[PDB]
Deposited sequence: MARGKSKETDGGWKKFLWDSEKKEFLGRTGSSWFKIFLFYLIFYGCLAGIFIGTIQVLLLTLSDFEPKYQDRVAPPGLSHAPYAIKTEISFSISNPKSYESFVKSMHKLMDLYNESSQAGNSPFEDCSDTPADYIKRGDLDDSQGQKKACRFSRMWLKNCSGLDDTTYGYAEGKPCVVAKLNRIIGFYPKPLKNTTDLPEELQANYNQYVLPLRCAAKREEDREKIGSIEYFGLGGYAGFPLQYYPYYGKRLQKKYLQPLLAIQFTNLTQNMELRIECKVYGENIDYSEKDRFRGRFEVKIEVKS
């Protein structure tokens, strides 16, 4: 033929069949032992998610949400993702004492449901009403963005203490139980309005620590609705929403490390 005879062509096939078969069987074996060394409830390493990311619902083309108020299908793209998220926070999804629980309607302290063990059933998560998100189809004019803190197993988000000076200096400082979120731009051509649990501009600490998908399915993380009823129009406004805390940090590279990058433009 090309290389060899039929007899040789066969033998080279019988070899590579057994050979690659063995190699596949060995590869799988090493994957088995790897998995055997891992927990079902907690990942081996968590230093790469460490400082929590802050992500929002409006799917930004490039950290930007520009549209026209005087146009219907101009914002119907951002309403798709906005709906996708809030559709999960339905009351019909949170039914019965299992696996949900009514928690303080005001920001409270942490809740420990034991260890990362299966020695108990599904760890009961705090309910969250999308109805706590006042004012927010969504904002056809002047968007109503929804913030979110990235989930990390066993992470206890710790707010800053009012020992020294603060950006939003001491205003509504629920020091003990709220992780604040203050959006900014100089360039003050807007109108910041925050909505959340208990009416506070933060995340209620009663939703922590997260026990993971395996130990807490259907779990709901707290949301923080933000509305920009800015009196300006037809210009790119670089708005940055920042979260503050002891366990919260940022990076010049990762522009989502505990903060937002939104470029709103109501070009109408």
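Visitor: Report the unmodelled segments of the deposited sequence as residue ranges counted from 1.
Guide: Going by the record, the segments left unmodelled (no C-alpha atoms) fall at 1 to 24, 161 to 168, 218 to 222.
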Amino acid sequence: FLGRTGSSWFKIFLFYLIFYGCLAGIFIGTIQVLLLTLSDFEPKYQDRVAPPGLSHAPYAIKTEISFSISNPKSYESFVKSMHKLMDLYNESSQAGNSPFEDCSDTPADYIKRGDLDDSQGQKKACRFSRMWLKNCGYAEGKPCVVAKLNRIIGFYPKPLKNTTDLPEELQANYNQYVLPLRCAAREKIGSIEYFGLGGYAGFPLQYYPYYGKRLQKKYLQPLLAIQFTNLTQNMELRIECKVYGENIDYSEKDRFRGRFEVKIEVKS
From here on, numbers count along this sequence of modelled residues.
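Visitor: Averaging only over Cα atoms, indicate whether 26 to 34 or 232 to 240 has the higher B-factor in the PDB entry.
Guide: According to the PDB entry, the answer is 232 to 240.
Visitor: Averaging only over Cα atoms, indicate whether 210 to 218 or 59 to 67 has the higher B-factor in the PDB entry.
Guide: The deposited B-factors put 59 to 67 ahead on the C-alpha mean.
Visitor: For residue 128, does the deposited CA B-factor place it in the lowest, middle or highest third of the chain?
Guide: Ranked within chain, residue 128 CA B lands in the middle tercile.
Visitor: Among the chain's modelled residues, which third holds the C-alpha B-factor of residue 119?
Guide: Middle third, going by the recorded CA B-factors of the chain.
Visitor: Quick check for you: using the entry's CA B-factors within this chain, is residue 185 in the lowest, middle or highest third?
Guide: According to the entry, residue 185 has a C-alpha B-factor in the chain's middle third.
Visitor: Ordered by C-alpha B-factor within the chain, which third holds residue 95? Give me lowest, middle or highest, please.
Guide: Ranked within chain, residue 95 CA B lands in the highest tercile.
Visitor: By its CA B factor, does residue 84 count among the lowest, middle or highest third of the modelled residues in the chain?
Guide: Within its chain, residue 84 is a middle-third residue by C-alpha B-factor, going by the deposited values.
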